[PDB]
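Chains as they are written, first to last, in the UniProt record's numbering: chain A, 460 to 575; chain B, 602 to 879; chain C, 171 to 340.
Each residue gets a CB set at the ideal place from its N, CA and C atoms; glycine is no exception.
First the structure, in the form of structure tokens, and then the observations on it.
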Amino acid sequence: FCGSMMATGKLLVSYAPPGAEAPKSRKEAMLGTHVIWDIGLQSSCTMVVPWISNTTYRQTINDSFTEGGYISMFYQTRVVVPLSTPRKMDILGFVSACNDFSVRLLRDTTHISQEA
Amino acid sequence: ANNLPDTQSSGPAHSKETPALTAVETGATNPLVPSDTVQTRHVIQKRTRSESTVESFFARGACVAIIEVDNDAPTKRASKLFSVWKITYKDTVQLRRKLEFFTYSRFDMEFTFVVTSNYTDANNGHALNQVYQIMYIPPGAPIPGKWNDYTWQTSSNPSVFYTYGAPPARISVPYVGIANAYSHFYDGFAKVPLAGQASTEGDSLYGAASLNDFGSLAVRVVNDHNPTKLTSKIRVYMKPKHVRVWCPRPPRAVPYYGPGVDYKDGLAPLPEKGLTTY
Amino acid sequence: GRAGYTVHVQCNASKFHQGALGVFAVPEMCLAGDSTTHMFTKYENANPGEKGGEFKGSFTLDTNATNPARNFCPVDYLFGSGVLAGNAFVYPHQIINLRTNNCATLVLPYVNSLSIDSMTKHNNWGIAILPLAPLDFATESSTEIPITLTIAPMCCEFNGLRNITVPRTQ
Ligand SMILES: O=C(O)c1ccc(NS(=O)(=O)c2ccc(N3C(=O)c4ccccc4C3=O)cc2)cc1
Ligand SMILES: CCCCCCCCCCCCC/C=C/[C@H](O)[C@H](N)CO
Numbered sequence: 460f461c462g463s464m465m466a467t468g469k470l471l472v473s474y475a476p477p478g479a480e481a482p483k484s485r486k487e488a489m490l491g492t493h494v495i496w497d498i499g500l501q502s503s504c505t506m507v508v509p510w511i512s513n514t515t516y517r518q519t520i521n522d523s524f525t526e527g528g529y530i531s532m533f534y535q536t537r538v539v540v541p542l543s544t545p546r547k548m549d550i551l552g553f554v555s556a557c558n559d560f561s562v563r564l565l566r567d568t569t570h571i572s573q574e575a
Numbered sequence: 602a603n604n605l606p607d608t609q610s611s612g613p614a615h616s617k618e619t620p621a622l623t624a625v626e627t628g629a630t631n632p633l634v635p636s637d638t639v640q641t642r643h644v645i646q647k648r649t650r651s652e653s654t655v656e657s658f659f660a661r662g663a664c665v666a667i668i669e670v671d672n673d674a675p676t677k678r679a680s681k682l683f684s685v686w687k688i689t690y691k692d693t694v695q696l697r698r699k700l701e702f703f704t705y706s707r708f709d710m711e712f713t714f715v716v717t718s719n720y721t722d723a724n725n726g727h728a729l730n731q732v733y734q735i736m737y738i739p740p741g742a743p744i745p746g747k748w749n750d751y752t753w754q755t756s757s758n759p760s761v762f763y764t765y766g767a768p769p770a771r772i773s774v775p776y777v778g779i780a781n782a783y784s785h786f787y788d789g790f791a792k793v794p795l796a797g798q799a800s801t802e803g804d805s806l807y808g809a810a811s812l813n814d815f816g817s818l819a820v821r822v823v824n825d826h827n828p829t830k831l832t833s834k835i836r837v838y839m840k841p842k843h844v845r846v847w848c849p850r851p852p853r854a855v856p857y858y859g860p861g862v863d864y865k866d867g868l869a870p871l872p873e874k875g876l877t878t879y
Numbered sequence: 171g172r173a174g175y176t177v178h179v180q181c182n183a184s185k186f187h188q189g190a191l192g193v194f195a196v197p198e199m200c201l202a203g204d205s206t207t208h209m210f211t212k213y214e215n216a217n218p219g220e221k222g223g224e225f226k227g228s229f230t231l232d233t234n235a236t237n238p239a240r241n242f243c244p245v246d247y248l249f250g251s252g253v254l255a256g257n258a259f260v261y262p263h264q265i266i267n268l269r270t271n272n273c274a275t276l277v278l279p280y281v282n283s284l285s286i287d288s289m290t291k292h293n294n295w296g297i298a299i300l301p302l303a304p305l306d307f308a309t310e311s312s313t314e315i316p317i318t319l320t321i322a323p324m325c326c327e328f329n330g331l332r333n334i335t336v337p338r339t340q
């Protein structure tokens, strides 16, 4: 959370394992895995997306058989600021792998290409 | 009924411990003693809380009902030769309020019956000493329909025959609840209405559990009628015994209105008093 | 059905706001009705669901005899049951004082006169939230802040399986 120190709020960060309609409101999202983040002195919050999969591995392509689920963020209460404070702020997102993470079947990427 | 802690001598304080300051937001009460904020002497405390135990608080017979019966010719349709009183502590207020300091309770109950009688007129002779029958009718037992029908045989119901002029009758019952405690408050219904049921089905009074939870007392004058009409009142006094209570509640502040928590009148209990007036 | 609860009331504001909420967990929280008929609140209104209900500032008697509302009329200073609200602190409670905290957490055991009871017929607990000190903020426009309840059943235990109960609504 990169707002002012005088800004307060509670957010909800949710992970819904796949197979149902994607959460489009907090009511559905709070039924899945979720963390309620209180914006305070500690300005960062981490939600672990646990490994929940039918297959022992997922493919690194878009494929419904090994789909991973849905990640969403909602306002739990709301952002509240006093006067003389910016009413719009930014949050930044980061992602990393946990210590249980692994990959296999080396392959060439689609992220780099060359032309004659 | 335990004794109270002695007050310990406490001298001047100059330190970073601040018992005076607290945070009621936590929901806890600051357990301060006088020595925390003023200098105190040593006092050997001799006062005790023997009379504020729940047992001592309820160890009193309270009048819960006044059952009026008559001894008169059965042809006199105005006279009432027997009376049925459904058992409850909610016909009066005092014992009710004391009990409703708490949400749940277990207790044995002592019933004491004080019977008084009088002539109604003076031009029809006199009367011989009356005997009164007080029959407990547990829920489901047949309720008397007449002062002299078969039900008064009381083969299985407990009955007390009280002779007028004798000391008030008295009996005891154990804790008879079908639950593990009496519920002074029930936030629910006897029925859950079901979708599709007509509006006349599944409807029950809010907060009532059973239509007849503890049965009734049926009271009559056993004697055949004298030529003159006699009126009697049986005052019922309840005393809880071996009381246990759970989940204290704020006491009733406005007049009771029915057997529920409803209120209609007297909604302005507090009087007027200046903020800066001692 | 049987369950305890973890109730978490969430209400954040700024250091320039002020106000206090009393959050009370009331066993057997019976509320007063709105009519001359005793104990007349209907099941549908007594069980509003997640939306809950609101305390009122004064008692209004429902005089519509043809189509009675049969609803609660819980007055705030009577704590909705004819007892002074100031004494509601005898109940398990916390205070959200906006200058101090922005949340309250009440852990409620199963409280009842029975080991287990019918959850559809009987509400074991009530949650009451009363503004002990009014919300205020240095602006002419009326400020508003949200309160969010997050409740977790705990040690849920169910008995007597059969076809599903479908309570009447509306
Ligand atoms: O003299 C006193 O001790 C006595 C005198 C007054 C009193 N309070 S009262 O408000 O006047 C009152 C007066 C009568 C009844 N009452 C009835 O009228 C009745 C009829 C049938 C069964 C039970 C009852 C019963 O409680 C209840 C309360 C209680 C007891
Ligand atoms: C002459 C013998 C008569 C014996 C009568 C035995 C009945 C005992 C009744 C005790 C009264 C308990 C108080 C009431 C408890 C709560 O109100 C109920 N749980 C809810 O209605």
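- The criterion of a C-beta distance shorter than 8 Å is satisfied by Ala190 (chain C) and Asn267 (chain C).
- Per DSSP, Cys557 (chain A) has no beta bridge partner at all.
- The Cβ-Cβ distance between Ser680 (chain B) and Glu669 (chain B) does not fall below 8 Å.
- In the DSSP annotation of this structure, the continuous segment of the alpha helix (DSSP H) that includes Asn215 (chain C) starts and ends at 213 to 216.
- Secondary structure of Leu276 (chain C) (DSSP, three-state): strand.
- Contacts with chain B at 8 Å (Cβ-Cβ) include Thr339 (chain C).
- Shown here, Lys486 (chain A) sits in a helix according to DSSP, grouped into three states.
- Identification of chain C residues near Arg546 (chain A) by a Cβ-Cβ cut-off of 9 Å yields none; the smallest Cβ-Cβ distance measures about 12 Å.
- In this structure, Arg845 (chain B) sits near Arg707 (chain B), with a CB-CB distance shorter than 8 Å.
- At least one heavy atom of ligand 1 sits closer than 7 Å to the Cβ of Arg836 (chain B).
- Rounded to the nearest whole angstrom, the C-alpha separation of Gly223 (chain C) and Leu319 (chain C) is 13 Å.
- The shortest CA-to-CA distance from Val336 (chain C) to any of C:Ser311, C:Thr290, C:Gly330 is the one to C:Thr290.
- Where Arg172 (chain C) is concerned, the enclosing beta strand (DSSP E) starts and stops at 172 to 180.
- By the Cβ rule, the segment 830 to 841 of chain B does not count as touching the segment 240 to 251 of chain C, because fewer than three pairs are nearer than 8 Å.
- Look at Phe249 (chain C): its C-beta is under 8 Å from a C-beta on chain B.
- Secondary structure at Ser773 (chain B): strand, using DSSP grouped into helix, strand and coil.
- Chain C places a beta carbon closer than 8 Å to that of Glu626 (chain B), counting this residue as a contact.
- Against chain C, a Cβ distance below 7 Å from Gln535 (chain A) picks out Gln180, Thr318.
- Taking non-hydrogen atoms of ligand 2 into account, the C-beta of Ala810 (chain B) is found less than 7 Å away from one of them.
- Residue contact check for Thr467 (chain A) against chain C: a CB pair falls below 8 Å.
- Secondary-structure assignment with DSSP links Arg836 (chain B) through a beta bridge to B:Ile667, B:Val715.
- When A:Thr467, A:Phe460, A:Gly491 are compared, the shortest CA-CA separation from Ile511 (chain A) is found for A:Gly491.
- For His187 (chain C), not one C-beta of chain B is nearer than 8 Å to its own C-beta.
- Taking each of C:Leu254, C:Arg332, C:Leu305 in turn and checking the Cα distance to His187 (chain C), the smallest one comes out for C:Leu305.
- Under the DSSP assignment, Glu656 (chain B) falls in the alpha helix (DSSP H) whose first and last residues are 655 to 659.
- Within the segment 491 to 518 of chain A, those residues whose Cβ lies closer than 9 Å to any Cβ of chain C are, in chain order, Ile495, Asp497, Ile498, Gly499.
- Against chain B, the CB of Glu198 (chain C) has a partner CB under 8 Å away; the residue lies at that interface.
- DSSP, read as helix, strand or coil, puts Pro304 (chain C) in strand.
- For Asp750 (chain B), the shortest C-beta to heavy atom distance toward ligand 1 is 7 Å or greater.
- Legend: CB atoms of the segment 848 to 874 of chain B lying less than 9 Å from CB atoms of chain C belong to residues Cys848, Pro849, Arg850, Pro851, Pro852, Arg853, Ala854, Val855, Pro856, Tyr857, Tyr858, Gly859, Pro860, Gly861, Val862, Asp863, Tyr864, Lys865, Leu868, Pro870, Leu871.
- Chain-order list of chain B residues neighbouring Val336 (chain C): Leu795, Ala796, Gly797, by C-beta distance under 9 Å.
- Between the segment 704 to 721 of chain B and the segment 776 to 785 of chain B there are three or more inter-stretch CB-CB distances shorter than 8 Å, so the stretches are counted as touching.
- Between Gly227 (chain C) and chain B, the shortest Cβ-Cβ separation is not below 8 Å.
- For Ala308 (chain C), a Cβ of chain A is located within less than 8 Å of the residue's own Cβ.
- In summary, the residues of the segment 679 to 707 of chain B whose CB is separated from some CB of chain C by less than 7 Å are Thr704, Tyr705, in the order they occur in the chain.
- Its chain contains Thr713, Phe714, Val715 as the residues whose beta carbon lies nearer than 6 Å to that of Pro769 (chain B), once the 5 sequence neighbours on both sides are disregarded; these appear in chain order.
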